[PDB]
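Working notes, structure below.
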Amino acid sequence: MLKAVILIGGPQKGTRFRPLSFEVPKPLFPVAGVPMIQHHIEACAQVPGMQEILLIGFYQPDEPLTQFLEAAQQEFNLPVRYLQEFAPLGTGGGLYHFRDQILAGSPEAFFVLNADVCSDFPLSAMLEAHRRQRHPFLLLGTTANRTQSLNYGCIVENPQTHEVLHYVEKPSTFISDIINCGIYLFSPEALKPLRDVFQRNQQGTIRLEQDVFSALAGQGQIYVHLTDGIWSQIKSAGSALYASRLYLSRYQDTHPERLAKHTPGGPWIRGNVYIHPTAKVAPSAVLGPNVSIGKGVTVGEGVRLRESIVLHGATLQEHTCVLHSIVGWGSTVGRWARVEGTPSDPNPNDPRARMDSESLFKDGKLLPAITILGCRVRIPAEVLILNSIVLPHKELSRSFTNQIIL
Amino acid sequence: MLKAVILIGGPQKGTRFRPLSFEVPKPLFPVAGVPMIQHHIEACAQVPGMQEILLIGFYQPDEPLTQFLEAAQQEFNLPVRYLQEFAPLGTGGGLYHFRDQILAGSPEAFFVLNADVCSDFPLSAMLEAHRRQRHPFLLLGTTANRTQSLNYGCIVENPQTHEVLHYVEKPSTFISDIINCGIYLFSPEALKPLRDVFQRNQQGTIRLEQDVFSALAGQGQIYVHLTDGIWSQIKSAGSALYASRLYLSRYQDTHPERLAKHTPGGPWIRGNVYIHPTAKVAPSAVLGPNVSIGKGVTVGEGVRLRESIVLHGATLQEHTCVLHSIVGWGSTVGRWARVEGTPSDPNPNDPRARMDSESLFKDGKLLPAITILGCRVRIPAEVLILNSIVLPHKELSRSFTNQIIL
Amino acid sequence: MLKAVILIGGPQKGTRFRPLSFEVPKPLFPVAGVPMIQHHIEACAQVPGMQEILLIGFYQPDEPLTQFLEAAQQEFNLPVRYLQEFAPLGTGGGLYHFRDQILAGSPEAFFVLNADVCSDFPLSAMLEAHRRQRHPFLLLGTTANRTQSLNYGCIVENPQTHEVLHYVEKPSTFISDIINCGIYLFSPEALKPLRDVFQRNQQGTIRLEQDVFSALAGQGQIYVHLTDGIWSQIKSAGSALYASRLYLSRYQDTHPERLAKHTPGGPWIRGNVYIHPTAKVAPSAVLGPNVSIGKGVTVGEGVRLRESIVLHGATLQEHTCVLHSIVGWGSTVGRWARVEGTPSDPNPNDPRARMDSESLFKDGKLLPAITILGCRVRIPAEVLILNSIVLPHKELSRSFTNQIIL
Amino acid sequence: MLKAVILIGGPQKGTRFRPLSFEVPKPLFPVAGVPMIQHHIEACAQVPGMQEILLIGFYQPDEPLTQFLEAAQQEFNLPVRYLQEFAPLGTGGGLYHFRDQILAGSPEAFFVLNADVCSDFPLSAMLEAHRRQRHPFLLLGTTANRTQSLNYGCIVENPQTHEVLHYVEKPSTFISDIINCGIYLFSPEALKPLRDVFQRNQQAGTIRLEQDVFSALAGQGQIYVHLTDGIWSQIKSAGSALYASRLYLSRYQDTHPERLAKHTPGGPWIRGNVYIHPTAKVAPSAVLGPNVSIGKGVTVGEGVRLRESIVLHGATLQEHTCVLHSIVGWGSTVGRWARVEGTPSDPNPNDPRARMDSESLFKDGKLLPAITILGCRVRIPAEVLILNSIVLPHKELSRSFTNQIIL
Ligand SMILES: Nc1nc2c(ncn2[C@@H]2O[C@H](COP(=O)(O)OP(=O)(O)O[C@H]3O[C@H](CO)[C@@H](O)[C@H](O)[C@@H]3O)[C@@H](O)[C@H]2O)c(=O)[nH]1
Ligand SMILES: Nc1nc2c(ncn2[C@@H]2O[C@H](COP(=O)(O)OP(=O)(O)O[C@H]3O[C@H](CO)[C@@H](O)[C@H](O)[C@@H]3O)[C@@H](O)[C@H]2O)c(=O)[nH]1
Ligand SMILES: Nc1nc2c(ncn2[C@@H]2O[C@H](COP(=O)(O)OP(=O)(O)O[C@H]3O[C@H](CO)[C@@H](O)[C@H](O)[C@@H]3O)[C@@H](O)[C@H]2O)c(=O)[nH]1
Ligand SMILES: Nc1nc2c(ncn2[C@@H]2O[C@H](COP(=O)(O)OP(=O)(O)O[C@H]3O[C@H](CO)[C@@H](O)[C@H](O)[C@@H]3O)[C@@H](O)[C@H]2O)c(=O)[nH]1
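Protein chains in written order, with full-length UniProt numbering: chain R, 1 to 203, 218 to 420; chain Z, 1 to 203, 218 to 420; chain S, 1 to 203, 218 to 420; chain V, 1 to 203, 217 to 420.
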């Protein structure tokens with residue numbers, strides 16, 4: 001018997017992902033058609049013997065969250081429950097504070113998953129290593145580029161014994177090539193170190223990486239497990255496009271019916287394209303690679319979309335070109351209007367990619383990134399939105415280039 | 001009998017050059033301690049025979065606005081009402097649509113005041129000139145620079161009879177130096193030409223400057239009353255701060271009990287400083303020139319505040335320096351933290367410089383201006399915020415420079 | 001060219017519709033599957049030459065209302081605008097205040113409807129009756145029971161010239177059999193008497223029935239039109255069920271595809287039943303007469319529904335019996351539960367029908383009426399709810415009988 | 001060092017026997033001028049060595065609750081924290097789930113309080129009688145009527161050793177003459193039996222305190238009683254809220270003699286015990302009867318009679334109104350010559366120990382006459398009578414209603 005704990009953030013952790021997030025929490029953002037935590041829930045429900053799934057966060061319950069829970073319970077034939085912390089307790093304080101709800105039923109091991117990561121989720125292979133070793137902490141890790149590894153948690157391991165010799169969290173200088181994926185496997189004895197940290201804080219927030227993983231490393235408690243599958247973290251609004259591309263390329267092996275076929279009677283389609291069944295697409299339109307269409311989306315007659323997410327309720331009139339952009343809920347694009355962005359993804363393996371910054375401006379000028387359109391944005395006809403971020407419920411009158419429209 | 005009509009805007013029409021407040025309406029933004037239209041309401045209540053005050057604008061009636069109306073009605077002992085347009089009808093369209101509510105009671109004349117101007121309001125002088133000549137339109141006029149005049153509406157007049165011979169609205173070329181100040185006096189005959197404009201629109219929305227003033231100019235219907243006192247327009251954040259400086263310097267002649275005295279036992283005050291009675295300022299704090307403190311603000315030990323505006327409920331901890339910045343309500347600044355902005359101001363060599371306002375991006379580069387902190391923004395300890403706009407409900411963790419922090 | 005003005009109420013008028021008015025506004029409550037003003041809009045759009053439909057009411061434009069406007073414009077190919085009053089101006093004060101928007105384009109005539117009536121809407125026949133006489137006010141009137149006529153406004157008419165000699169609004173004692181149907185037809189200078197009332201109020219709210227109709231009665235200005243078609247008014251929660259019965263019986267003449275077919279595969283159907291296409295009904299279920307089913311409704315095995323409205327999102331489990339009840343949005347009825355009401359139709363021809371007081375209690379006992387279940391009300395298994403009103407977001411544990419659950 | 005735990009409820013678990021507060025949460029409803037739990041917090045401030053106050057309950061945190069928390073924190077010089085359960089965990093499950101936050105700082109004993117009781121709060125006397133024997137559970141208990149004790153939880157006590165031998169929760173038959181107050185004193189080891197109950201459930218983690226812990230440990234030397242004679246009623250419905258406001262206003266003359274309004278011949282006429290907020294503007298022709306509370310910003314007109322009422326903040330009574338036995342919600346307006354009346358059931362006058370029972374809305378399928386509730390922003394027109402009636406919020410009336418619930 002195993003269960004899974006998905007750490008979703010609160011409303012403050014979603015402020016980095018703020019322009020898109022006003023309408024819905026960051027874990028309920030539709031990445032490649034389905035919500036972000038739904039990939040985690042589905043990959044946990046595909047594991048044999050999963051009894052329950054608990055979501056630990058400090059979001060207040062509203063209709064999006066509980067509607068998602070009521071949908072996912074009947075979809076995956078599993079109880080999906082939401083435990084709410086009273087305060088922001090850190091990454092590990094929420095795991096320790098709900099220890100009775102986690103250990104209820106006495107599970108043999110429980111997974112712990114960050115909500116922001118888009119990954120392969122090879123939970124079965126981690127389970128087959130964990131049944132071989134039966135050790136308190138198992139960490140999914142992956143190799144990253146030497147300049148990109150400084151932003152993630154670095155793990156120095158011994159290659160023969162698969163054990164964390166050392167752990168440094170977001171180091172200033174180079175430590176190791178392997179990074180922490182943010183997916184862990186916990187034994188039931190793994191709540192015994194966390195408890196000690198709680199006692200040390202009184203003589218009630220526990221950060222899992224900086225307190226548990228750093229001190230426990232090298233003493234035989236923490237073991238690594240390396241995957242070579244796809245991994246990325248969704249920390250910003252423009253990283254959701256790259257994670258959606260990763261999921262749409264992953265979709266061939268898992269869900270071949272989700273990607274749209276070419277359909278020579280219907281709209282021309284190149285690359286991997288997800289189209290929702292409710293979405294009305296004109297047959298004159300062509301959809302380039304890595305494109306997701308939401309439910310109830312009307313796409314006009316002659317429209318080009320490439321590397322773009324069109325959220326649900328949005329409306330694209332005819333003759334428009336949308337490259338590298340996220341069109342929010344109910345947003346309207348007038349005819350002959352181009353909405354462009356420049357490609358930029360975390361891409362830890364790659365050296366060219368600009369690494370994580372909360373800044374967004376280099377020296378008083380906006381960095382080239384993914385164009386975001388918030389909720390209910392009315393773009394007029396024959397107008398260009400290039401490299402630009404538009405706040406919700408804003409109608410534009412002329413063409414904006416490289417600006418944030420407040 | 002006279003009433004006065006204040007043209008408060010709508011939410012879309014504000015389109016702030018720097019957003020002084022993301023969550024409160026622009027006409028309720030506290031300039032020099034009291035809300036922006038409370039200056040208009042008070043200067044209108046000083047005029048003899050003022051029966052009523054109307055506010056025309058298409059804001060939806062949120063409880064802050066109605067609560068302000070509750071306060072102002074019993075403060076000035078005048079009925080203050082809010083008439084909401086059904087749609088954005090333009091500057092003069094809302095006057096014509098609500099002609100039955102303004103004309104009821106048969107006023108002798110009625111004022112029309114823009115909500116965004118910060119002025120002397122010499123309404124009695126305009127009333128004396130209007131009682132002398134009884135002409136239908138009276139316009140306040142001010143003298144401006146040759147470069148700065150292209151932003152306002154220029155007025156060419158006959159200098160002897162003080163009648164407008166030509167009017168032009170934001171011209172591309174230089175026309176005249178006198179600018180319209182957004183303060184007018186309307187005789188009851190003056191709703192008759194507006195009606196004429198409405199019929200030409202059928203062959218809804220009437221722009222008062224472009225359709226009434228710029229068409230009837232020279233035909234003996236529009237007269238300009240020149241004036242001398244302080245005038246600025248509250249378009250952006252920096253112009254709001256400069257208007258607050260103008261009102262704090264004006265307070266010496268009218269409300270000497272509003273400015274904080276020197277008070278050697280309490281906190282140090284240089285220059286003109288408004289401190290609310292409910293705000294508790296530590297006696298080691300020193301508040302520089304042109305500083306407004308709101309209700310419930312707890313300015314800590316050792317704080318320096320220069321050229322700032324602190325909204326209600328913000329807390330500043332020990333040893334913090336706040337220069338040229340607007341602090342949103344409920345915001346927390348940690349100890350040794352510095353919030354700085356750049357005062358664009360007005361030229362010191364120009365004879366009549368009117369302090370222009372620029373919309374956030376010079377030529378595709380973000381320009382340095384007043385630092386805006388949103389509502390409930392937590393600035394952490396020992397950190398620097400420089401030339402930044404911080405969106406609400408965001409807790410920072412590192413120093414930011416020349417950035418819009420989403 | 002004709003126009004049509006529908007006086008939807010405000011939030012003050014929907015209070016007599018409280019259980020169902022907490023979630024949606026009153027004019028958007030679905031009567032016989034479609035919203036209450038959709039019947040008005042479709043019967044006005046079937047009239048040839050109709051240009052525009054205006055809705056006058058002091059509701060705030062919430063996203064349900066604006067979403068209905070956007071949907072109705074593209075459904076009926078007719079522009080539907082919503083003109084919002086600044087204050088509650090009565091039945092005719094809003095018609096006078098928006099006179100320029102109503103008379104825009106010089107329409108030949110414009111209908112005036114009340115949003116709460118449920119009727120045949122024979123606007124074509126009223127137009128043909130209008131075009132011969134060409135009089136300012138054309139009133140629709142029907143025959144009613146002498147007991148029931150004291151609740152509606154009464155019209156004493158001349159049989160020879162079809163003219164209102166006498167009008168009494170809500171009479172104490174009996175005056176005439178004919179009652180006002182709440183549908184009017186207005187000629188262009190019929191707004192000229194209305195203006196006179198405004199001037200008489202200056203020594218501006220205009221009640222249309224008491225100030226205009228009762229004053230102009232007998233002066234040759236008001237004319238009657240007599241109808242035999244179906245008519246009811248929806249003033250209360252239980253009146254919407256009777257109006258749904260009348261509209262489902264009217265559907266056979268106009269929209270025979272909306273009624274559900276008997277269906278060998280489908281649930282046994284007697285009488286008039288509307289089922290939405292998205293709704294899912296088990297084959298063992300049986301839906302009796304006058305039953306409307308909303309979208310997304312899951313009806314379990316062996317359910318019996320008779321004279322009930324099941325709004326959208328509601329789930330009824332197995333073997334449940336529901337009679338004379340209104341099931342709220344997302345309200346859940348557990349298995350074997352019986353939700354029963356007693357029929358209290360308004361029915362102005364019927365002599366023993368109730369007076370439609372808003373009292374709901376006779377002498378401390380709740381009168382038998384329709385069983386309203388609020389929005390998101392969960393009913394447990396094997397629990398009877400008889401003649402009750404359940405407020406929204408409630409969860410019950412035991413059987414209630416003749417009670418308001420607060 | 002002590003701390004105190006106040007078990008405020010949640011929205012659903014109340015099931016208010018008369019729906020007094022349609023949008024203000026039940027702990028924050030003002031009883032005798034200040035909020036209902038503030039009387040707890042004030043009393044918990046007077047105990048020496050009191051560190052913290054924890055409010056455990058499953059209301060979502062929003063503006064009225066957190067505004068009250070900030071105001072009470074800066075007023076009483078105490079840290080007041082709100083701990084929120086994820087689900088309704090019941091009376092003892094709240095104390096078990098948040099046990100790390102309760103035991104932090106190692107308190108020597110902690111008080112547990114029901115939030116709906118209006119009481120004397122004799123916390124220091126309980127503390128002395130606890131320190132003499134040092135036992136895990138100490139229960140405040142009072143004497144009650146023989147037929148009225150079936151609503152409360154009854155306690156069978158040994159008179160010599162002051163120990164419970166049998167606790168029954170809301171019994172049908174008669175059990176004992178002593179009832180549980182809802183004020184408890186817990187040892188640090190008092191969380192040790194609670195854990196046992198949690199383990200017994202594993203062979217939503219919800220522990221009812223009174224039915225599991227107290228009815229299991231009874232007669233084993235764990236639970237002891239403390240008998241008091243001071244004032245006690247439980248604020249379950251609206252009528253008991255008026256009676257609790259009366260008890261607190263009569264008790265105010267010892268603790269807070271400055272809160273009751275004086276007779277003040279220059280100001281309004283006052284008989285009985287009246288609380289008047291400083292912001293409230295009352296004309297001098299108004300005469301305010303006994304047991305009347307006035308919230309902040311209330312403008313009471315000329316000639317207004319107010320008897321046995323509670324007027325929440327921002328209400329407006331125009332001239333010549335008469336308001337008896339009713340609760341006027343916040344922001345609501347009553348026009349001139351309008352009479353708003355109710356009927357107070359009270360306690361039996363003959364019975365020697367009679368407490369107010371909070372009857373439900375319906376006696377026998379019919380509405381029983383009780384206190385008149387006006388919701389918030391209710392506009393009562395001029396010259397109209399509301400009698401024994403409940404008006405839902407944001408309603409405008411035009412005629413006189415009697416014995417009705419107006420939706
Ligand atoms: N319950 C709870 N959950 C939280 C909290 N704070 C964050 N979470 C969730 O915890 C996960 C990570 O939290 P972060 O603090 O934002 O860490 P990070 O900057 O994203 O980096 C972590 O994950 C990376 C991979 O995504 C790792 O590479 C890195 O080492 C570290 O583990 C996210 O799902 C976040 O929503 C909290 O206070 N309480
Ligand atoms: N009711 C209503 N009011 C409006 C609307 N649009 C603007 N207002 C209000 O009308 C005032 C001026 O509107 P603008 O159209 O933005 O004028 P401007 O660019 O600011 O310049 C005007 O004022 C200057 C001084 O402030 C003048 O110098 C200039 O001539 C012009 O009149 C502002 O307070 C604005 O809030 C509207 O559609 N409806
Ligand atoms: N815009 C606006 N609409 C209003 C207002 N007040 C009422 N309405 C709308 O006006 C219509 C009737 O208003 P009532 O005042 O409640 O009249 P009534 O009790 O329904 O009786 C009227 O209608 C009956 C049939 O519906 C008639 O039988 C009767 O004669 C009378 O005309 C309803 O659609 C209501 O929503 C208002 O202040 N503003
Ligand atoms: N944290 C939390 N608190 C709760 C919960 N449910 C109720 N409370 C609070 O616990 C207190 C009592 O809970 P009840 O279950 O309603 O008990 P009761 O019917 O009022 O009777 C109790 O109190 C009486 C006197 O107040 C006692 O006579 C009786 O013995 C019993 O203890 C009230 O403050 C209630 O708000 C809950 O699920 N979680």
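C-beta atoms are modelled at their ideal positions from N, C-alpha and C, and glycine is treated no differently.
| Asked | Found |
| --- | --- |
| Taking only beta-carbon positions, decide if R/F98 is within less than 9 Å of chain V. | yes |
| According to the neighbour-count rule (16 or more other Cβ atoms, all chains shown, within 10 Å of its Cβ), is R/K26 buried or exposed? | buried |
| Taking any Cβ of chain S, which residues in the stretch 64-89 of chain Z have a Cβ under 7 Å from it, in chain order? | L83, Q84, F86 |
| Looking only at its own chain, which residues have a Cβ that is under 6 Å from the Cβ of Z/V317, when we skip the five neighbours before and after it? | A299, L330, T334 |
| Where does R/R200 land, buried or exposed, given buried means 16+ other C-beta within 10 angstroms? | exposed |
| For V/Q12 and chain R, any beta-carbon pair shorter than 9 Å? | no |
| Can we count Z/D116 as close to ligand 2, meaning its CB is less than 8 Å from some heavy atom? | yes |
| Return yes when the C-beta of V/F58 is under 8 Å from any heavy atom of ligand 4, and no when it is not. | yes |
| Would you report the Cα separation of V/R272 and V/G218, rounded to the nearest angstrom? | 44 Å |
| With DSSP as the reference, label S/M369 as helix, strand or coil. | coil |
| V/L387: which of V/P394, V/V404, V/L380 sits nearest, CA to CA? | V/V404 |
| Run through DSSP, which three-state label would S/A109 get? | strand |
| Quick one: Cα of Z/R131 to Cα of S/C44, how far? | 54 Å |
| Under 7 Å Cβ-Cβ, which residues of chain R neighbour V/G314? | The premise fails here: V/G314 is roughly 42 Å from chain R at the closest Cβ pair, so nothing lies under 7 Å. |
| Since S/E409 meets chain V, which of its residues come closer than 7 Å, beta carbon to beta carbon? | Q12 |
| Strictly under 9 Å for the Cβ-Cβ distance: is R/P25 near chain V by that measure? | no |
| Taking contact to mean at least 3 C-beta pairs separated by less than 8 Å, is the stretch 90-106 of chain R in contact with the stretch 229-244 of chain R? | no |
| Applying the 10 Å Cβ sphere with the 16-neighbour rule, what's the burial state of S/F174? | exposed |
| Measure from the alpha carbon of R/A367 to the alpha carbon of each residue in R/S246, R/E163, R/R81, R/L185, then state which is nearest. | R/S246 |
| Is it the case that the CB of R/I8 approaches a heavy atom of ligand 1 more closely than 8 Å? | yes |
| With respect to 8 Å, is the separation between the Cβ of V/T91 and the closest non-hydrogen atom of ligand 4 below this value? | yes |
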